């Protein structure tokens with residue numbers, strides 16, 4: 001019978017921005033095909049995947065991938081035989097299982113995830129259901145409600161922007177083609193203002209700017225005066241704002257304190273979780289905002305034991321690296337009731353089956369799981385299309401400018417080129433943690 | 001190359017108390033063998049991984065488990081297809097990373113432990129050696145001492161005993177072939193005095209009697225006075241004393257109060273993070289308490305920064321359902337240093353591979369790791385193979401008067417009779433929390 005996956009392998013090249021990669025392929029006895037791959041990068045001492053490089057200095061600083069690929073290669077294949085192409089979930093599990101290290105450090109979760117996404121495109125020329133519809137069944141009409149960081153700060157930056165990011169959620173628009181219009185183009189009106197101001201207009205690595213203001217409090221006036229000048233009102237009338245007032249980045253572990261001299265000048269504020277809270281609550285009165293991301297720190301679980309009676313029913317607090325996507329920190333998170341939202345990043349979990357599992361376990365409880373990026377994207381769509389796999393809520397898939405981001409945002413309306421009138425989504429009324 | 005797990009088969013079963021649980025058989029090309037069945041019973045509020053229950057009336061009550069093996073049958077086996085039977089690292093991590101859910105609810109923590117036990121026997125049904133001597137290497141030779149459920153309290157009786165059990169070690173016996181009996185000749189001397197006083201001699205689910213002792217006096221004190229009358233001497237030259245506490249159940253969550261009235265009657269008291277050890281400090285000087293167990297609540301963190309510094313240099317603080325075995329809670333209790341032994345419960349940690357990793361990591365943190373009972377247990381010897389495998393100095397093996405406890409020694413003494421000479425011995429010098 002022609003349904004079998006017969007042979008599996010991976011190859012040796014560079015990712016976008018040009019650092020080495022670990023890249024994976026799927027084929028069938030029927031002749032149907034798919035490549036599958038990953039975002040690039042991780043930390044240490046925290047529950048993510050493991051990044052593995054044979055340190056031989058002759059090429060690209062010694063950051064070559066060959067340790068993994070010449071381990072991985074014929075080690076994946078000897079597990080994966082006697083299966084269909086629709087045997088996705090058995091395949092996904094079987095390669096984490098084959099790695100058999102608790103930290104996913106023999107194959108790397110980034111090789112396992114490679115075959116996972118590769119099988120999730122390979123029945124399409126055989127069943128005639130794509131990707132998300134293949135995974136989830138017939139429900140999957142729904143383009144997600146989106147968000148982006150066009151205004152960077154934090155760990156990645158030359159800017160004063162001590163928030164790790166200034167963000168928008170273009171929620172207040174009844175069709176995805178009306179979130180992707182009312183203020184993403186307005187980044188070029190910002191470019192005209194930056195040129196008039198005499199500032200630089202080089203892009204940040206998400207596709208946005210790290211704009212060189214005299215301080216981060218001018219970007220606070222910029223967006224809600226730009227939308228006022230666009231002829232529309234800073235409420236449900238178009239768009240709502242997010243921040244990443246980056247708790248884990250301004251937190252000092254030794255002093256137990258959020259101190260902004262991490263990013264800012266000689267006079268910058270020193271705040272424990274209690275000064276940080278007795279500051280932060282006001283942002284729903286001030287000039288309105290709907291969201292913050294990494295609202296309290298990865299170590300500052302006590303800061304999350306502050307935040308519920310204080311901000312909890314006023315703002316969406318996205319636990320981003322506060323959870324590092326992970327189902328273990330999330331499963332602690334909901335029992336301790338730490339945050340009210342989570343960011344979900346595919347190599348911080350390690351298979352399609354684990355990514356949809358985290359999103360569904362969050363959806364049956366009510367935690368707003370935003371399926372999402374890392375700064376390193378690849379020549380793939382699939383990190384975005386997991387947002388269609390259940391209709392859940394919301395997505396964070398990078399800035400509207402980069403080719404490796406357009407490889408998702410093109411898909412997020414090329415689906416609508418086939419679906420047309422069949423597409424629908426939830427609006428501002430998508431924050432299934434808020435307005436109850 | 002007759003080396004392979006060709007097929008493995010979960011099978012439906014009853015358990016003790018007269019309900020159901022899960023069992024497994026590994027078959028092979030060689031006709032070689034590996035059954036696995038599990039210890040039964042679990043706890044709540046603090047994490048334990050899933051046991052599965054159903055709406056069925058046909059295979060017992062609705063606590064019934066035909067269910068798990070009404071559907072799990074075709075799942076677990078294929079993740080291990082074409083594998084060598086040995087590699088329990090790459091094979092339990094494979095069945096763990098076949099469930100993948102954070103609470104292990106797809107397969108169930110009874111299922112992954114069942115196939116883990118099956119694969120363990122099957123791995124020496126290849127390696128030919130006496131399997132416990134695989135689990136620890138050949139050097140399964142540094143002999144542990146018992147501690148046990150000598151006097152009743154908690155769930156099992158009318159009796160006013162808020163202590164989860166009182167405890168001792170036999171300490172004066174120069175070799176374990178006496179040292180087991182020199183903790184057990186005690187028990188028949190006690191039982192004769194129970195008949196004479198008119199106390200009951202029927203046994204509970206925990207294999208001790210259901211007596212009616214009054215708090216800390218005559219029930220334990222008959223096992224003071226015996227180690228004088230029996231010709232043994234008043235301490236280490238003899239038997240030495242200890243307590244265990246139902247702390248996280250008698251710790252009232254509204255009053256922040258230890259209140260004994262759940263398990264005691266009208267003689268009960270009222271205490272906090274403080275006054276619990278303003279009481280217990282006066283006691284270890286008075287009864288020779290070489291051990292206290294589970295003394296303080298899960299969330300009473302100062303309760304452990306009290307008991308582990310207000311007394312714990314004179315006492316082994318065994319954490320138990322403070323820890324619930326879980327490696328995450330154990331890592332917090334290591335980092336904050338909240339106990340100086342851990343009671344380990346096999347089904348609180350989901351597989352023999354994760355039981356072995358938990359026990360190894362526990363001695364690397366310097367804790368006496370103490371493997372221990374649940375409430376109903378099935379006649380597979382493999383959790384007794386964990387005794388000879390571990391080479392430490394202590395086990396909470398259980399009272400020598402019920403069939404689930406007796407069944408360990410049909411393995412340990414028949415292993416011992418194969419070797420004779422191999423032992424290095426402890427008795428009292430049995431801790432890594434004393435004589436520093």
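Any read-out appearing in this document is the output of simple, stated calculations on the displayed coordinates, not a laboratory observation. Every residue, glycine as well, gets a Cβ built from its backbone with ideal geometry; the counts of neighbours run over all protein chains shown.
Taking the criterion of being out of contact with any strand residue (DSSP E or B) (no Cβ under 7 Å at 6 or more places or on another chain) and either buried (at least 20 other Cβ atoms within 10 Å of the Cβ) or in a helix (DSSP H, G or I) (or both), the residues of region B:276-297 that qualify are B:277, B:278, B:280, B:296. Tell me, please, whether a residue that is surrounded by 17 or more Cβ atoms within 10 Å (Cβ to Cβ), more than 19 Å from residue B:242 (Cα to Cα) and without any contact (Cβ under 8 Å) to a residue 60 or more places away in the chain can be found in region B:168-176. The answer is no, given that none of the residues of region B:168-176 is surrounded by 17 or more Cβ atoms within 10 Å (Cβ to Cβ), more than 19 Å from residue B:242 (Cα to Cα) and without any contact (Cβ under 8 Å) to a residue 60 or more places away in the chain. When residues in region B:152-161 are screened for being surrounded by fewer than 24 Cβ atoms within 10 Å (Cβ to Cβ) and part of a loop (DSSP other than H, G, I, E, B), 4 of them pass. Based on this model, can you work out whether residue B:139 counts as part of a loop (DSSP other than H, G, I, E, B), away from chain A (no Cβ under 14 Å), over 22 Å from the mean Cα position of the chain (by Cα) and under 21 Å from residue B:33 (Cα atoms)? So residue B:139 does not fit the description; no. Inside region B:231-245, residues that are touching a strand residue (DSSP E or B) at 6+ places or on another chain (Cβ under 9 Å) and surrounded by fewer than 17 Cβ atoms within 10 Å (Cβ to Cβ) make up a count of 1.
Given the residues B:107, B:113, which is the only one that is within 11 Å of chain A (Cβ to nearest Cβ), surrounded by 24 or more Cβ atoms within 10 Å (Cβ to Cβ) and within 15 Å of residue B:22 (Cβ to Cβ)? Full working, then the answer.
On the way: B:113 fails: within 11 Å of chain A (Cβ to nearest Cβ).
One residue alone meets the criteria, B:107.
Right, residue A:261: free of Cβ contacts under 8 Å to residues at least 24 places away in the same chain and either outside any loop (DSSP other than H, G, I, E, B) or more than 24 Å from residue A:215 (Cβ to Cβ) (or both) or not? Let's see the steps before the verdict.
Numbers: free of Cβ contacts under 8 Å to residues at least 24 places away in the same chain: yes; either outside any loop (DSSP other than H, G, I, E, B) or more than 24 Å from residue A:215 (Cβ to Cβ) (or both): yes.
Spelling it out, residue A:261 is indeed free of Cβ contacts under 8 Å to residues at least 24 places away in the same chain and either outside any loop (DSSP other than H, G, I, E, B) or more than 24 Å from residue A:215 (Cβ to Cβ) (or both).
Quick check on region B:382-422: of everything there that is in contact with a helix residue (DSSP H, G or I) (Cβ under 7 Å, 6 or more places away or on another chain) and over 17 Å from residue B:148 (Cβ atoms), which residue is surrounded by the most Cβ atoms within 10 Å (Cβ to Cβ)? Top of the filtered list is B:385.
When region A:50-90 is filtered for residues that are at positive phi and either crowded, with 17+ Cβ neighbours inside 10 Å or part of a helix (DSSP H, G or I) (or both), the ones remaining, listed by number, are A:60, A:61, A:62.
A single member of B:228, B:196, B:128, B:217 is over 24 Å from the mean Cα position of the chain (by Cα), within 24 Å of residue B:317 (Cα to Cα) and loosely packed, with under 14 Cβ neighbours inside 10 Å, and it is B:217.
Can we say residue B:36 is touching a residue at least 24 places away in the same chain (Cβ under 8 Å), crowded, with 17+ Cβ neighbours inside 10 Å and outside any helix (DSSP H, G or I)? Lay out the reasoning, then the answer.
Details: touching a residue at least 24 places away in the same chain (Cβ under 8 Å): yes; crowded, with 17+ Cβ neighbours inside 10 Å: yes; outside any helix (DSSP H, G or I): yes.
Considered against the rule, which asks whether it is touching a residue at least 24 places away in the same chain (Cβ under 8 Å), crowded, with 17+ Cβ neighbours inside 10 Å and outside any helix (DSSP H, G or I), residue B:36 comes out as yes.
Listed by position, the helices (runs of 4 or more DSSP H) inside region A:313-430 whose residues that are farther than 27 Å from residue A:173 by Cα and within 14 Å of chain B (Cβ to nearest Cβ) number at least 1 are A:327-335, A:352-365. For region A:97-108, the count of residues that are part of a helix (DSSP H, G or I) and touching a residue at least 60 places away in the same chain (Cβ under 8 Å) is zero. Restricted to region B:78-96, and to residues there that are in contact (Cβ under 8 Å) with a residue 24 or more places away in the chain and under 20 Å from residue A:354 (Cα atoms), the residue that is farthest from the chain's Cα centre (by Cα) is B:80. Evaluating residue A:154 against the criteria (1) in contact with a helix residue (DSSP H, G or I) (Cβ under 7 Å, 6 or more places away or on another chain); (2) without any contact (Cβ under 8 Å) to a residue 40 or more places away in the chain leaves one unmet condition, (2).
So that you can scan it fast, the table gives a plain yes or no per residue for (1) at the interface with another protein chain (Cβ under 9 Å from one of its Cβ atoms); (2) under 28 Å from residue A:92 (Cβ atoms):
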residue	(1), (2)
B:41	no, no
B:45	no, no
B:49	no, yes
B:58	no, no
B:77	no, yes
B:85	no, yes
B:91	yes, yes
B:96	yes, yes
B:100	yes, yes
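Just checking, does region B:119-128 include any residue being over 23 Å from residue A:327 (Cα atoms) and either assigned to a loop (DSSP other than H, G, I, E, B) or within 12 Å of another protein chain (Cβ to nearest Cβ) (or both)? So far as region B:119-128 goes, yes, one or more of its residues are over 23 Å from residue A:327 (Cα atoms) and either assigned to a loop (DSSP other than H, G, I, E, B) or within 12 Å of another protein chain (Cβ to nearest Cβ) (or both).
Residue check: is residue B:71 more than 26 Å from the chain's Cα centre (by Cα), away from chain A (no Cβ under 14 Å) and over 18 Å from residue A:95 (Cα atoms)?
On the way: more than 26 Å from the chain's Cα centre (by Cα): yes; away from chain A (no Cβ under 14 Å): yes; over 18 Å from residue A:95 (Cα atoms): yes.
The answer is yes for residue B:71.
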